[PDB]
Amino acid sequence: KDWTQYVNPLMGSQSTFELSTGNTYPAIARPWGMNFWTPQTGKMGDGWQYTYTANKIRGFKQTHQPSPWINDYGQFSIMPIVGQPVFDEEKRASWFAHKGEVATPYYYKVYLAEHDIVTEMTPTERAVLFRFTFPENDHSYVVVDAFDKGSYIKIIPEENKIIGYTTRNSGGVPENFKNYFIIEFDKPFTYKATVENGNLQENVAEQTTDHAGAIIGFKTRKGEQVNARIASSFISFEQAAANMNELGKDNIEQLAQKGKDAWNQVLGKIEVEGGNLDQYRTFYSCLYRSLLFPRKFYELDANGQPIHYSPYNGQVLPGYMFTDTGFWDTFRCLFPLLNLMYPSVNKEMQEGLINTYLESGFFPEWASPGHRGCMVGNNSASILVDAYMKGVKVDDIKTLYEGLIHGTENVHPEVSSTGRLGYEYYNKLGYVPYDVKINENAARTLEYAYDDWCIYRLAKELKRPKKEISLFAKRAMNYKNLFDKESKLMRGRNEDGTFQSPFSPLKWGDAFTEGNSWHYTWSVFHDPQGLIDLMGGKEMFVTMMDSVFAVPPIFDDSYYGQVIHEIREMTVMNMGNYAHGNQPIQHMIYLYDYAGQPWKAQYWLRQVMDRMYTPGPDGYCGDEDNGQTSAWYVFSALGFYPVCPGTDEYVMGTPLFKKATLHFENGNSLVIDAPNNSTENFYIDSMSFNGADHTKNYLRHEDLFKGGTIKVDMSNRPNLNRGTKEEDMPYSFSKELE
């Protein structure tokens, strides 16, 4: 049974700076591939490296880029051509169309109109096989671009080989950073020239220069297939040569199929049925996107043991290592999806995190490949703890604990988004002041508070001294310190203790991060009852939640000086202030469950699943962000969501398919049966879990792992009585102390 047929790698590529519909590129790769490959439409250096609207392809690129904002490293490209041998990235470019293009997660094909050449490629974790089909011609060449900012290239004719290294990067790299690559052709060169800063140097074997390049060529007869075996490494040329064995002796088709099996082996852990083709495509495309980042950043040694170039100190060290994720996005539901469906993969990730801390002094927040200055919060604490509480345990709990503590009282000296910016204020005043020139201070405060709740949880589980437990228990309630009784919202707070004036809840940025108070106020994943309590009780809380959907999408962009795409994205949806396009509010709807109106969540979640996700190139309503916006759909379509990582709970929403089946790593399975599900039947009239009636609005990790069957009675009417009792509510820190 093949699920790859549903995956559309182009979903997200019809995106512009002014309005995101995903901001993705076609990532032709294995699951968590160390090296992704992609057609390249944009010019070198542009974060929009492939846009669906582009007329021309200028190369086939090894890329690691996690987003057009973070940009790229370890990047070089290859491009077959005919006619004059040109290195220029514009002159070598060829028209193409999508009806002449085939994109799968394991295989990519395209017809380059102006060269009359077909290109195909199938990657492994670290290597890729290209096959170029050339027309009849005296002058057929292949261009190899090592990119600029200091690269290297050497042609080695007596082995039909080219080698090189690329360094162009967007920060986050040690001084010795290099991506080492090798390229073997199966046809001898009849022409060879290296390129040096735009200059063609025929029969000059090698260059070390700003922008190194190489062009090789030959005579071709009609339909002649030239294959290139490619691999790279962050360690060395000798390791790059070892990586090339990934390719075995396979040709395109045999590799494609091993690639397709690899993907089916992971997509197939979740089988959905009983929906339309749109839904299958949207679901499995989203699932695929959730299985890409963070990337493997280790390589296999001669004995098949994991080793890695540290992007933190530049040494080569044994053990796991991953990168290219921003925890500010991915703590929310992406890493949780991994603890549920792929625990053994996140095991390697956590081992990796431990290695990051040993090698750099901090657990990372945004990493690409080393520490990068981007976003806010200390949400690594949530990643680390949620894993552990879910049975994904690192070997060195001692180091784990120390690293957590370390980041609660240090910010990284060159990367302000690593450790906690403004911890001093936060540890003393219980919040980050609005007026001390630390932006996004209210956002930092609410996340730090949650992050401390997680640490509290781990302190507790580990039998730490009551004094560490208590200190984090207290800090966990730090969200109270920004709550404004009048507006019933969170609000920037001055160093002296007075709230900032004037206050606009519609202002984006400033106190908050790419959102406004209406988006950020809900960031109390560990204690919604505490937030209800703050607002005056469930009814008022509900009244506030409704407003988010009902108010016009007015805004205040002064902080940014332009209508950034996250704002635009929100405005166009006609969903009030509900900005699903950005991470901070993405859990909000499930909150209804906590106030005893689960039917409202069910309504709104289906509106989102139905309207805000489509399977085409313009598929998302905002940035995808490395699994987060996608895993959201995956979770929601199954019918529940990790509102609060660190707990063992998944908060109930409403399933999208008539039947979904989870195959867990432990050999057990779980069938979620919604036989009456339909376009109109989105309310849950009742549930049962293995014959036992289930009224609660949450599911426990441990129970799901046991397997069996959950039955969902779908209906078009809201059941005003199910899920309203105190015992039906998911976890809030305020409750407890019990």
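Rigid core (definition): largest C-alpha set, two forms, superposition within 1.5 Å. Residues carry their position along the shown sequence, with the first being 1.
Superposing each structure in 5 other deposited structures of this protein on the rigid core shows that the farther-lying of 645-653 and 558-566, by root-mean-square Cα distance, is 558-566. The PDB entry records a higher mean C-alpha B factor for 459-467 than for its counterpart among 459-467 and 68-76. The stretch with the higher mean CA B factor, choosing between 156-164 and 233-241, is 156-164. Note on the listed residues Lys258, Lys428, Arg289, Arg332: the highest Cα temperature factor in the record is that of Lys428.
When the C-alpha B factors of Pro26, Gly691, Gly42, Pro31 are read from the deposited coordinates, the top value falls at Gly691. In the PDB entry, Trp3 places in the middle third of its chain by CA B-factor.
Ranked within its chain, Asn346 lands in the lowest third, by CA B factor from the PDB record. For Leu317, the recorded CA B-factor ranks within the lowest third of the chain. Only modelled residues enter the ranking. Sort the modelled residues of the chain by CA B factor and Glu246 lands in the middle third. Among all modelled residues in this chain, the alpha-carbon of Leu384 has a temperature factor (C-alpha) in the lowest third.
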